[PDB]
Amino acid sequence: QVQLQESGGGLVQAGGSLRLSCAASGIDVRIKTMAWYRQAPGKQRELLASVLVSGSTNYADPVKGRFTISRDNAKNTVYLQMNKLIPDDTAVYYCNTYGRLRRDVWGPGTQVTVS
């Protein structure tokens, strides 16, 4: 089973914090730009953060300073650290590689709700 698997979701109170983890099974996050996404019940799926192979990070505006994208090559896992959370952050969160992204392949995602 080659697959990406997200966990770490749940209900959090606004201004709270949460760590999402993406466990890769049969893929190597080291050789791939990893990224985090989220999708809310009516919106499009949203690019959130990406960690290049080098370790360079970049973020979309709604999230900088608050969330941090981190690769952990030893565990073959990526992380979204979410701080100072906002109701507008409620959504289902996914992690993906470039190849799976353009073929519309996705793990189960993890739900994050905050109010």
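All residue numbers refer to positions in the sequence shown, first residue = 1.
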* Structure fact -> Quick note on 10-18 and 101-109: per-entry mean CA temperature factor is higher in 10-18
* Given the B-factors recorded for C-alpha atoms, which segment has the greater mean, 33-41 or 64-72? -> 64-72
* To do: Report the third (lowest, middle or highest) to which the CA temperature factor of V53 belongs, ranking only the modelled residues of the same chain.
  => middle
* Asked: When the modelled residues of the chain are sorted by Cα temperature factor, does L47 land in the lowest, middle or highest third?
  -> lowest
